[PDB]
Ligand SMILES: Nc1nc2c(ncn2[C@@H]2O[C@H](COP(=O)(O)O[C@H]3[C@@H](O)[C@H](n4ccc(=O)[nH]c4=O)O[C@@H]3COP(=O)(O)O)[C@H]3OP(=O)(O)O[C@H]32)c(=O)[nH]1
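Okay, here we've got a single chain as structure tokens, the form deposited without the ligand, with questions on binding and movement later.
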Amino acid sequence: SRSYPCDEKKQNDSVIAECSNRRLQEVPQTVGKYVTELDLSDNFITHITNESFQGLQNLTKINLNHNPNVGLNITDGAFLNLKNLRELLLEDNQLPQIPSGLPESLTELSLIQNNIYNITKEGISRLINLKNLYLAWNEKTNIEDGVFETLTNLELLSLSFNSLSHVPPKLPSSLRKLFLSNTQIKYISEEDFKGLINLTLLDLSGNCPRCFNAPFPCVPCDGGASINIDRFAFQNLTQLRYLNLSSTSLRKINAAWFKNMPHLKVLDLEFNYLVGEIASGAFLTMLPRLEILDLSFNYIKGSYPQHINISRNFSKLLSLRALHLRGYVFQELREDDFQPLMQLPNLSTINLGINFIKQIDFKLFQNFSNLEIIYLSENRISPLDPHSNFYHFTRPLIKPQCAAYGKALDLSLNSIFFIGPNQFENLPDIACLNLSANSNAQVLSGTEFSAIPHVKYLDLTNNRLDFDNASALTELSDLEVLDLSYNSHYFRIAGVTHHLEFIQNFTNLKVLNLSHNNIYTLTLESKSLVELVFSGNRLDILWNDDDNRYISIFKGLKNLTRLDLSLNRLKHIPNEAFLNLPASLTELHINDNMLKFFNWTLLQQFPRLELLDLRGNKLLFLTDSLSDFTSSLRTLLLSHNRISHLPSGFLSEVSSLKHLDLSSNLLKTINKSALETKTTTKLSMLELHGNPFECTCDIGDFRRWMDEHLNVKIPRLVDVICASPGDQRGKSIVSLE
């Protein structure tokens, strides 16, 4: 009773079917009639009939996006028999018209990225229970006069990326989220939103766009014109919380728009010409509950002012929590320039990226009572997907792991070619610092970070730092995470570089990333280190038969639990060197190397090793008695290797093994001696796709084992392809006699 081709799974007393991206030519009839949610996206399905989902009467959600994957002939009333269907997704299907005969039960319909030009009452007005309707990316969109009027339960109407030219009349009063982005609406009137008194979101972005790095076609509003919003256009939107007016070429903001909007929480004014409006800011007094204000990329092309002209009225934004001021472009940030922002109590984020600031007076950040994120990346500071927000930077400015430690300052991608003596003077108690991609060739000695000694997460990636001095970075006593990835040394001394003895002077350093540092010579000991990433280095050079000085390289890291030794060009690991690894290791990664052999016997000296990663290697053989070497290995990843034979009893050897990855190997068949179930194992997953399975009668022994052991979940059944013979080539091993 193994499910094929869908991957059935239990989810809150229900069964979901993950049947996506598996080259299905037609809707499969081998789906259990008890499933509730069906996902058939990214397949080659071409026809949808009334007898496609027969028997599956409990289907509450159907996904049919991207079909055929790089149109879709849906018959009239094909989904009418599904009386319990609530969510129907039909995106990127090249649908010429809205599917006729849709079920009345529908509460969520998505028709994004189709060829729909007519929004008629014939295909929409019958769906009276619709909560969310998405008609994005579809000469002019013909919308029926009062097509949405009958949808009394409509909460979300998204008509973005459609040449509407005008706001559609007769919208339901129940509407809460109206999306009209890039809809060529050049004029907004008083009567346009009077009916929707419960609107919590209004998206008018992209109408009269400012063509700057647009991720889609951009055409300005002819004659430098902006969106023409009427004075009383938003006079009856009392419950408005989200207002997106990005890329609207706005030059003046009318304060009368926000006089009857006391709950406005998020205001997006990015990609506009509001340098003058930021300096005067009469509209800022009308926003006493605004929490997020984005005024990014509002620069005047060719204008490089000495300072930023921030209005005094910015002090009236009492509820402000985050201010995004990227792309303003100014040469200097002085203490007096940010005076109207220091008294704000909840302001914890200041975004100032891509401003080309030659120098910032860092003494002003002490005045901000509750700052937590100071994003100054991509400046000139010197030593000493249709379901996305296309205009706002939604990804966290500073990595959550870093910002979690406290005060976060991002000085990455600046002109800090060395750490000056007054680099961090007069700064707050910074606990997260980013100095990435600064080409910083500082010779660290132990006094550079004395002004901010409580840095717990330090990012020094993509630099040319020199940490050979035994006291480098040791001034940061409470340091826990150190990132030195992609560090190309600049003062390499023959009998000195690399000298990693600075690590021993840290009582609480937990994570260290020395990846891609080109470490091929040393000249390590730690009581608190837990994870070391040594990938992208030259361990093959360090582990040679001439000098055996690097046999006990990581033996001093007694508390180490995670070690990444990938991408080290390791052809062979000396047995003595492998045995001198931390016995406390619970996760070892020797993937993406050139390991021809692996001594499985040595695993005896690591009784807590749970995850062994040997992917992307050139291994050929496995051991006959893995139980005799490990009694804890829960996961063993051996994908992309040259293993051609599974040894006798391998599946029953280690009883603690729950995940075994053998995908993309050279396995022709699995013999009955390897499947011997004398003992009971808890193998919950076995990957085998990409193997050249000989689909003759020899594979029959393994086929029966799959049906007997249903608990061993084998993923990607459609990708477990038979390489021989011709008639069975391409087909799955489970589709045989």
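The numbering used is simple: start at 1 and walk along the sequence shown. Rigid core (definition): largest C-alpha set, two forms, superposition within 1.5 Å.
Form solved in complex with the ligand: not shown, discussed below.
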*Site status for the ligand after superposition of its pose in the deposited complex: open, or blocked by 3 or more ligand atoms within 2.4 Å of backbone or C-beta atoms?*
blocked
*Quick one: which of 317 to 325, 661 to 669, 634 to 642, 546 to 554 gets within 4.5 Å of the ligand in the deposited complex, going by heavy atoms?*
317 to 325
*Counting only heavy atoms and a 4.5 Å cut-off, does the ligand in the deposited complex sit next to every one of 266, 294 and 394?*
yes
_Answer option from 351, 249, 114, 627, heavy atom within 4.5 Å of the ligand in the deposited complex_ = 351
*is_contact(residue 242, the ligand) in the deposited complex, heavy atom dist at most 4.5 Å*: yes
*Among 187, 242, 486, 490, which is the residue that shifts its C-alpha 2 Å or more between this form and the one not shown, core superposed?*
490
*Has the Cα of residue 214 moved 2 Å or more between this form and the one not shown, judged after a core fit?*
yes
*asked:* With a change of at least 3 Å, which way does the C-alpha separation between residue 537 and residue 494 go in the deposited complex: closer or farther?
replied: closer
*Distance trend in the deposited complex - C-alpha atoms of residue 215 and residue 89, change of 3 Å or more*: farther
